[PDB]
Amino acid sequence: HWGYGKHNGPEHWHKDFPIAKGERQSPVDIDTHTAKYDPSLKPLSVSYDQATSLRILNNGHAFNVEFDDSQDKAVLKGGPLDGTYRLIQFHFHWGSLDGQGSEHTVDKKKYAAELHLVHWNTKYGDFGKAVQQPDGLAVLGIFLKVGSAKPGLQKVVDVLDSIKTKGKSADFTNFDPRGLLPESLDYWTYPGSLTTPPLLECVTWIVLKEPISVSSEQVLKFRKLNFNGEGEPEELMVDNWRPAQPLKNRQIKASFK
Ligand SMILES: NS(=O)(=O)c1ccc(C(=O)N2CCCN(Cc3ccccc3)CC2)cc1
Ligand SMILES: [Zn+2]
């Protein structure tokens, strides 16, 4: 099965997922000097006041915080998007060391981690249909640097002990994803893909310019999670990031000067 090890990591994925070498793969390096300011891009509309978190799951590659996406409760609109995208889950990618862990890079700079808030286009009715469309998903990406603690992350950090191993889940109600956002919603946007198999080319990527700060202790707790199932040999869940992929025939647009 695919993963992040020497034998099943990102350089292997193309053998089961040939779209790995496709024309719109993610993540990418964001060259801040070559990104073009698009004054036609709208402010992002992040409407998370009615968000309903349900559960947190260790899926063997990350943990997902899942949301009730059966009504317009937590939606992303505006920016480069046409129509209404519902929040279904967020998860993170992180490193074994503070100098690596993000999937996107900014002028080749790696951040300690990256948050992905995953949303699907309501005109396609469900997430399974949306991932089959070139405009099916909108993923809001937010960089994490190590510094001050992020208070709004701590409820996530404190439950991870209960989902240490693959297939473990825990109730995770009344979590407010607004506490994970930076002050600025300035962004870069480009068309891309899922960053894990099946690597579908269904994502409008929206990557915030402003990172959030998390403490060394918060990201240390991410690194105590396991890729393996209970009773299987312990392999720390670290370095669950795909490296930057070729930009090919794509332009990254900036919402800001
Ligand atoms: N890193 S990320 O780019 O933000 C990101 C990567 C993967 C997902 C994701 O949802 N998965 C797990 C589920 C399977 N689906 C596809 C599917 C194929 C057949 C029936 C149903 C769904 C896509 C991969 C989401 C976001
Ligand atoms: Zn992701």
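FYI, residue positions are counted from 1 along the chain as it appears here.
Using N, Cα and C of the backbone, Cβ positions are placed for all residues, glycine too.
If you look up Swiss-Prot, you'll see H61 marked as active site, proton donor/acceptor. Around the Cβ of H61 (active site, proton donor/acceptor), the same chain contributes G3, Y4, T196, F227, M237, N240, each under 8 angstroms and 6 or more positions distant in sequence.
For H91 (Zn(2+) binding site), the Cβ neighbour count at a 10 Å cut-off comes to 20, with all displayed protein chains included. Positions annotated as Zn(2+) binding site by Swiss-Prot: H91, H93, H116.
As annotated by Swiss-Prot, phosphoserine applies to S162 (among others). A C-beta separation below 8 Å, combined with a sequence spacing of at least six in one chain, links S162 (phosphoserine) to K168, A170.
Annotation source Swiss-Prot lists phosphoserine at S169 (among others). DSSP assigns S169 (phosphoserine) to a strand.
In this structure, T196 (substrate binding site) belongs to neither helix nor strand by DSSP; it is coil. Annotation comment: Swiss-Prot describes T195, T196 as substrate binding site, evidence class experimental evidence.
Each of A62, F90, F92, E103, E114, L115, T195 belongs to the same chain as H91, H93, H116, is absent from that list, and has a C-beta within 8 angstroms of the C-beta centroid marking the Zn(2+) site. In the three-state DSSP classification, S162 (phosphoserine) falls within a helix. The two recorded residues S169 (phosphoserine) and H116 (Zn(2+) binding site) have their Cα atoms spaced 19 Å from each other. A Cα-Cα distance of 10 Å separates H116 (Zn(2+) binding site) from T195 (substrate binding site). Selection of the recorded positions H61, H116, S162, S169, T195, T196 by a Cβ distance under 6 Å from ligand 1 yields, in sequence order, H116, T195, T196. With a 10 A radius on its CB, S169 (phosphoserine) counts 16 other CB atoms from all the protein chains.
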